[PDB]
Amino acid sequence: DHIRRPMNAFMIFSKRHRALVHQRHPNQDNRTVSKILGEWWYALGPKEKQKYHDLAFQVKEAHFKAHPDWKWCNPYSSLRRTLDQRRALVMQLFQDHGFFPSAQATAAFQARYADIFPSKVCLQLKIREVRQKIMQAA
């Protein structure tokens, strides 16, 4: 039972609305529920979204007040050309199967470009990075 990491705005939103999403989608597993929670979080307006950011701020403040000494712990030329190519392909994946493509369509996308994405975690990260970057500019 070490000192945990404080919840962000989304993890607070997930803690509250996860049981409601599972009620409205009972034949879809928890990993798919996480895809729905993220879809709802993007759908919120600045009014309701700021409510959870303000709630996440107080959690961080109380966390430092309770744990004052806690610390947050954890080809070169063709590298940028590769990264730009990876983001462009994930852009096509979203416009072809939605921003939260099914695990099947995501797996088939990985195999179609198995050379560009040498692993599943490399593709999933790029799916999350590109999607989150589009939503901040909306």
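Just count from 1 along the sequence shown to find any residue number.
In the deposited entry, the stretch joining residue 74 to residue 75 is interrupted by 10 or more residues of the deposited sequence lacking coordinates. The PDB entry records a higher mean C-alpha B factor for 62-70 than for its counterpart among 35-43 and 62-70. Across the two stretches, 16-24 and 124-132, the PDB entry reports the greater mean Cα temperature factor for 16-24.
Highest CA B-factor among 97, 112, 86, 53, as stated in the entry: 97. Residue 82: CA B factor lies in the highest third for its chain, per the PDB record.
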